[PDB]
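# no sequence for this one, just the structure:
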């Protein structure tokens, strides 16, 4: 992260596509180095067979300038997350902050 | 003329890491000379021990992700760069590691090889997050003197490898920072004598007494090359 | 192979004058140029044993800002000439010398009375000039053992004292090569003494001083 | 050394050397060792070190 | 406000610290400015040009 930054890097790092954002709020149920499985809160379940969510993070692969796009988890196991919050730090991000 | 010689007084240690060592008798000018000379020699070249090669069961190449493990393999290598290991009688030791269960794999979980001891047993490596998770690796700790990157050793081998090895560049320097001061010494009927205070922070591997004696041994060898001039 | 290092295999001692010298050393470990250069530089400046002149008194004048007839120089000029008077002294600690001459011409260094063990190294050093045959100069000067360089402000006329027999040292660190290693230091000492000693011996005396400083830590 | 467009040296010392030489050769009316006396330039160097 | 935040820590107000020298061990005479600046690395790498 940068020490001296304007109050803007969170909206830039979220509103782009390089990070993964939880669509519904709930409890972290499984985190590997590759993927994140989230149990959904029961208030946010439409009543027909909602269940869980699965995010498959993108691993080491090619970008157009031959740099290495990467994703990593930033939540711990059994931790609560909320709708609209970050889960996967992409490239040059840090906890939902743009960090070049 | 008829000048004094230093001695070695009061090795205080504030913590496990950092000490300050005091040299009580000094002449007028020699405080800064010995302070800067020992600061340079201790920062540059000391015997250290660090991790060179890592082999993990079930990982072909680095840039992969073992299942169950929270970090990548790359972050496990960047964690094992920072491992404080004192080797007492050898030059290369193959430590092992085996762990299962949910929890952090801590460096205390290394199978105790005996003569090798671990300075800091609270250092984290990875975090296993599953019942059916099991990390099992073989770590190579080697003794060296400077700073050697990966590719120099890569083209120094040139002959063969198996695939599962990962090379990790070493960091053979046990000290981290050194600051010295020169203060007014107190020897009877005399006011123009000085005193060194050397404050050094290491990684916990090496005793400060041995450090100062070995630095003075190196400087003595260089000036023994000087004295016999032509 | 941890403990051993590269020890130097030197090239030359190129000397220009009988008191000018240049010494080269190669190769040294990467970063051992400046430690040895700084150590020898700071020892040869700040602390050497040497004999120099501390005080002078003129029989005619007992004040600094004054004058005397017959002298094309001044009292200030003749004190600056008496700083650079280079003398070696045998086992005494300090001793007075007297100077006395009448006549016209350059009063030089060999004019001074011999006084036994006291030996002047430069008998052609020009002290003052007398222009009148009636004018005659006579003075008292004190040589004294000392340990470096002392200004007059921390100090019968007070003279600056230059005990240290060096006059110039400057060191350089430049690239040198062992065929597979990339960068090793190469050290160049350049040095001027005053003439009380040849320049080669001053280096080995300073190195002897620093090894005897480390004597209480070499022991393993 | 001289330029073909006009007879002026093209080896003018640039910005950083200018700052160094300008900082060396100045004066200030009260400092260490003011008003003493010297033998050569090399004794002035030995006083600076 | 930068002055007061530097006053909350034990740092000097002027933003200038005495700095020593690695080679000689002497002192740099005037105080210099030290701080933490955030820097980038651009992709004009030398092993795409030589």
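Received it, and whenever you're ready, just let me know what you need. Numbering: from 1, shown residues only, chains lettered A, B, ... in the order given.

# can you give me the strands in chain E?
E:16-17, E:32-33 (DSSP state E).

# Kindly apply the preceding question to chain A instead.
So, for chain A - with DSSP E - the strands run A:20-21, A:26-31, A:35-40, A:52-56, A:61-62, A:68-69, A:72-73, A:80-81, A:86-89.

# quick one: the first one near chain B?
No. Applying CB under 8 Å from any CB of the partner chain, one finds strand A:20-21 out of contact with chain B, separated by at least 15.8 Å. Backbone N, C-alpha and C define where each C-beta goes, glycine included.

# One more: the second one?
Yes. Remark: strand A:26-31 sits within contact range of chain B at A:30-31, by CB under 8 Å from any CB.

# any idea of the angle that strand forms with strand A:35-40?
150 degrees (axes from the mean of the first three to the mean of the last three CA atoms, to 10 degrees).

# rewinding a little: most neighbours per residue, which of the strands of chain A?
strand A:86-89 (a mean of 21; mean count of other CB atoms under 10 Å in any protein chain shown).

# that older thread, could the strands of chain E go into a markdown table alongside distance to residue B:181 and mean neighbour count?
Formatted as a markdown table, those follow (distance: least, CB to CB, whole Å; neighbours: other CB atoms under 10 Å in any protein chain shown):
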| stretch | distance to residue B:181 | mean neighbour count |
| --- | --- | --- |
| strand E:16-17 | 16 | 12 |
| strand E:32-33 | 20 | 10 |
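
# circling back to that earlier point, out of the strands of chain A, nearest to chain D?
strand A:68-69 (38.5 Å; CB to the nearest CB).

# and the closest one, what does it pack onto?
Applying 3 or more CB pairs under 8 Å, 6 or more residues apart in numbering or on different chains; DSSP states H and E, one finds that strand A:68-69 contacts strand A:61-62.

# Now do the strand it packs on: distance to the chain's middle.
Averaged C-alpha coordinates place strand A:61-62 at 19 Å from its chain's average position (CA atoms, centre = their mean, to the nearest Å).

# Excluding sequence neighbours, find me the nearest residue to the residue nearest the centre of chain E.
Note on chain E: the residue nearest the mean C-alpha position is residue E:34, at 2.8 Å, using CA atoms, centre = their mean. Leaving out its chain neighbours, the residue that sits closest to residue E:34 by CB to CB, 6 or more residues apart in numbering or on different chains is residue E:17, at 5.4 Å.

# what about the residue of chain B found nearest chain E, neighbour count?
The minimum distance from chain B to chain E, using CB to the nearest CB, falls at residue B:36 (3.3 Å). Using other CB atoms under 10 Å in any protein chain shown, residue B:36 has 23 neighbouring residues.

# Quickly note the distance from it to residue B:99.
47 Å (CB to CB, to the nearest Å).

# how about the helices of chain D, start to end?
D:15-24, D:41-48 (DSSP state H).

# Export these as TSV, with columns for distance to chain E and mean neighbour count.
TSV is the format used below for these (distance: least, CB to the nearest CB, whole Å; neighbours: other CB atoms under 10 Å in any protein chain shown):
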stretch	distance to chain E	mean neighbour count
helix D:15-24	9	9
helix D:41-48	11	13
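
# These: which one's closest to residue B:200?
helix D:41-48 (31.9 Å; CB to CB).
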